[PDB]
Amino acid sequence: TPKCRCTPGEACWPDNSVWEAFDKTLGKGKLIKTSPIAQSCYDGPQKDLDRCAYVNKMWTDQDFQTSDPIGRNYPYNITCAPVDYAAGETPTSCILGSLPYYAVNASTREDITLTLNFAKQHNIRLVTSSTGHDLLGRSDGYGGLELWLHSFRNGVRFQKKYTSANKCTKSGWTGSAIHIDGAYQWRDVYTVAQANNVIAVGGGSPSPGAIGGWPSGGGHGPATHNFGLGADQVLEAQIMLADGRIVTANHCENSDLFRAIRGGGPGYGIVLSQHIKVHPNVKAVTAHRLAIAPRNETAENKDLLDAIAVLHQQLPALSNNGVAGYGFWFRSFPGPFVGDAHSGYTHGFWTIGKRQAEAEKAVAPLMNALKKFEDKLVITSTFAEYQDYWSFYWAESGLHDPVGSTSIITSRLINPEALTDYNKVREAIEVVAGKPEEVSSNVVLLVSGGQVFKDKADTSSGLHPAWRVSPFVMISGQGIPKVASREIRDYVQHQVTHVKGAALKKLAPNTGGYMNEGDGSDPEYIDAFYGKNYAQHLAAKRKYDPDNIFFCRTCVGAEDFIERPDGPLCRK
């Protein structure tokens, strides 16, 4: 049976009549022949400068990118760039690249069954997308048939008391739940949680999918320190296997599959629905806004980075005190970042469940450590109190930031013991700060600790062990030009993987990274992404998808195949 999937233009590729008959079986209009988002910017039959300008204007918008079957928030390889003609830009070339060639706009189980079956029947690579949010190309594939789940939406329903499809009691959970009965986004789930005065533990941005890559890789957000990571919210799922069977996965049934999807990434089956734990609303949340800038701005920014190193050392104490959230910093920035300075550190942290007085005590270990820098840095610190989770969430989080660039980042979970020696930390900070000429994004995800640590007791979970000891994640990355030569991308990828990523590993060598926002070019990605759970993830992969119908890049088992950006996917 053939080692390589069939691709367009080959003799094995179904001819126009076969595709047309497949469109008609589905329901005319469901099969979409994909077109590069910005093809109207280029010469040929599809050229349209009005369409091109609209596309150029809307490229950075998350909804615009989720609305097209091959729209990508963080496109893995821009092979058809939008062209800004008003700005004097001119076209190079436009190809599909590694984006799927056909998509099925699937809105019923029958759509999904037929798409799965057709892919297998014609040996065509099946690509699964709920939203196209992925940063690593795991919802892409050259010459692929995309199962697009964006309109597969059969309700989001609140359960006052979790009620399992197979009456499983082994979760031990008798609290409330939400049945996410479709490939909904967090926005949709949040509306129902809010209507029912409960906390749904979703992402900091509401556009990503609720039941796909987000929970399967981990899933962080404002509420995860307090209530657990996204993967650990999952009580059960309905999943269509490669063989077409629809099965329940929970503590009582196919528990190896259930564990795999809760931390082992995508590619075990097509997730049709999940049930998630939801949590009682709180009476208070206080947010802490901190900003730090140099009094004396220089290319080295020695004092700023000293303080950032110190701040990193304070995070575990903060985490132990119920503090969570996100911090952002730059050694150099192309313009004012903190007040008047073209550099600095800023964060939005919070104590869910605590009023301001307790919030101030919670961050005291950090503010006290920062008193030593009052002569050297300008530091501002404010608190905002909210009377429930949702007013807090929408005020301090619920982000819809600009997107549309390639992601080249590395992530490293940091254990407390990696931070006790200031000099080692300072050295890590020096390297990840990057070259003063090159913009380096550095981000702190203070999203673990607390309940995430506690949920180590849950052996049904598949989450990377390092989550259970690491209260926060460091992410460091750089951009590439929109139209990027191979040489420039290899230079940047090397800085991210072997300079930035390497420093982070040296700082914390016993932990790992975060697959969803992580380094897909790391030679050691298996270790980073999955850790010691990998052998068990792989077993589930080989049991439930022996033919690797759900192949994705870096996903468990992907090393048994060779992916190309411009040719057939093949088994080794």
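Numbers for residues come from their place in the sequence shown, where the first is 1.
- [ ] Between 167-175 and 489-497, point out the one with the higher average CA B-factor as the PDB entry records it.
- [x] According to the PDB entry, the answer is 167-175.
Open item on the list: If you average the CA temperature factors as listed in the entry, which stretch comes out higher, 319-327 or 157-165?
Closed with: Mean CA B-factor is higher for 157-165.
TODO: Sort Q46, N516, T34, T66 by C-alpha B-factor from the entry and give me just the highest.
DONE: By C-alpha B-factor in the record, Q46 ranks first.
TODO: Sort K372, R72, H220, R125 by C-alpha B-factor from the entry and give me just the highest.
DONE: Highest C-alpha B-factor among the listed residues goes to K372.
Open item on the list: Going by the CA temperature factor in the PDB record, which third of the chain does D243 belong to: lowest, middle or highest?
Closed with: For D243, the deposited C-alpha B-factor lands in the middle third.
- [ ] Give the position of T511 by CA B-factor within its chain, expressed as the lowest, middle or highest third.
- [x] Middle third of the chain for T511's C-alpha B-factor.
Open item on the list: Test of reading the entry: by CA B factor among the chain's modelled residues, which third contains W394?
Closed with: Tercile = middle for this residue's CA B-factor.
- [ ] Determine, from the deposited record, the chain-internal third of the Cα B-factor for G344: lowest, middle or highest.
- [x] Ranked within chain, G344 CA B lands in the middle tercile.
- [ ] Using the B-factors in the PDB entry, rank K120's C-alpha atom against the chain and give the third, lowest, middle or highest.
- [x] According to the entry, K120 has a C-alpha B-factor in the chain's lowest third.
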